[PDB]
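Please read the structure below before turning to the comments.
Both counts, for ligands and for their atoms, begin at 1 and track the order of listing. Below, each value reflects all heavy atoms present in this structure, side chains not excepted, and no hydrogens, waters or symmetry copies. One-based numbering along the sequence shown.
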Amino acid sequence: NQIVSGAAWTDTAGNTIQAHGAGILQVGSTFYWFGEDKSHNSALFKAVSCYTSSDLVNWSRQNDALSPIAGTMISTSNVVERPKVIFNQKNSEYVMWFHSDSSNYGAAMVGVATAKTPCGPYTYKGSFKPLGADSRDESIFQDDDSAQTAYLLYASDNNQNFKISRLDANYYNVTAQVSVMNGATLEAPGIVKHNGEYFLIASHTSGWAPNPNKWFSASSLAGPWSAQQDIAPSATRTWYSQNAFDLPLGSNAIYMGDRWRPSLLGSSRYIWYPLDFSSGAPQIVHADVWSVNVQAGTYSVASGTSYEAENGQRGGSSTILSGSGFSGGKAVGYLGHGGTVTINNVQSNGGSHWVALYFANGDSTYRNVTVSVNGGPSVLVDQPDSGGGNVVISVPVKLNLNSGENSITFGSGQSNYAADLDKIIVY
Ligand SMILES: *[C@@H]1O[C@H](CO)[C@@H](O)[C@H](O)[C@H]1NC(C)=O
Ligand SMILES: *[C@@H]1O[C@H](CO)[C@@H](O)[C@H](O)[C@H]1NC(C)=O
Ligand SMILES: [Ca+2]
């Protein structure tokens, strides 16, 4: 049980999970992860996937919950985003909502589909504008009152005004507006309850690029909502992610986000972190490797051993850079293109270990770094843009180490410059 944000997560078949824009549903002790299948690197509709698990980590892919229909707004030339599914007790029916759009995002509708079983397949009922207004990024929140009253959370009015509106008793349509934040430019919403209070997590509108996601709280869905506050250090842009789903977990929650990769959408990653409420304000716990016990409502952060890149052995043209965003105030630059750094005396008990690479990449585009263990064949690790040359994020790589001391060499045999390497943490 290791949740490793940024890694290529695979289902029980060993295939990369394709469930972007997550919606989670719990039925009894089984969890259902619905999402966008982007396996052909398209922004257009291929499927709403359905994966099941009892532990939130080992996901078994079922038949797709929603499939395209030519000549409708759920054709393979249209947009189906951010699916969400809730169970209607009155009708014994699962109801899926999603953002339904054209490829230019000019239609701004919701779509609804229904099924008698959690993975369906679902039957599409049509798309519409809620109360006649725009809806783009959306979520569905189901309260725990007696009626299990449900709400659409949505970016409206050309993304400018954020709305919460109550659904009818069938969950088929929006009946009344409940809250509006005019001019808020919020998207990617989700709500999770905590000690009877409602917590809204949302991003701002920066297109595909990540931005600092925010939390708001209220004692009623009608508000008043608190003023936005950060869930993560602002410079990290939510640790390079965008909110997708906020799952309750005991007295805390799990932040489930997407790391969108526009040039390779099917390789967009899943950024899941504990959302810790112990201070009364929710905050992402930046845990490169953590474990979850969904039955206990608990999480456990793995401990690792840190090695500073600047304490490694540089070869060729690599150099030491100084900056306030780096651990130890220093990083190794000019890696790749003839510069290397080798971190020696990496202790291990043997076997396979997750290693987090902390780097800064001030480009607008990705870099990568070659990684070789004890002189073995290199693997190439993608290094997203980090937000600035003085902003560090981490990405994980699983390395086979030997008992005793090990060496890890970065930047050998690549023509391009890698990102600047701050440190590594070996878990
Ligand atoms: C949904 O509810 C609204 C407001 O109550 C109503 O005007 C509308 O006819 C209903 N149906 C649809 C498809 O919007
Ligand atoms: C590695 O990074 C360079 C840019 O520095 C890029 O041109 C190249 O396509 C990347 N390689 C892979 C496999 O992504
Ligand atoms: Ca450092």
- prompt: From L421, does some N, O or S atom reach closer than 3.0 Å to the Ca ion (ligand 3)?
  reply: no

Original post:
Do any N/O/S atoms of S327 come under 3.0 Å of the Ca ion (ligand 3)?
Top reply: yes

Where is the nearest protein heavy atom to [atom]: which residue, which atom, and how far?
atom	result
atom 5 (O) of ligand 1	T175 O, 3.8 Å
atom 4 (C) of ligand 2	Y366 O, 3.8 Å
atom 9 (O) of ligand 1	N173 ND2, 4.9 Å

At under 4.0 Å between heavy atoms, what of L380 touches ligand 2? The answer is side chain

Side chain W9, main chain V4, donor-acceptor under 3.5 Å
yes

Among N416, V369, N368, the residue with a heavy atom nearest to atom 14 (O) of ligand 2 is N368

Handout entry: Electrostatic pair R269-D382, nearest N-O below 4.0 angstrom
Key = no

Are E187 and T205 close enough that a side-chain donor and a side-chain acceptor fall under 3.5 Å?
no

Honestly, for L131 the part within reach of ligand 1 (heavy atoms, under 4.0 Å) is side chain

- Message: Ring-plane angle category for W260 and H20, please: parallel below 30°, perpendicular beyond 60°, tilted otherwise.
- Response: tilted

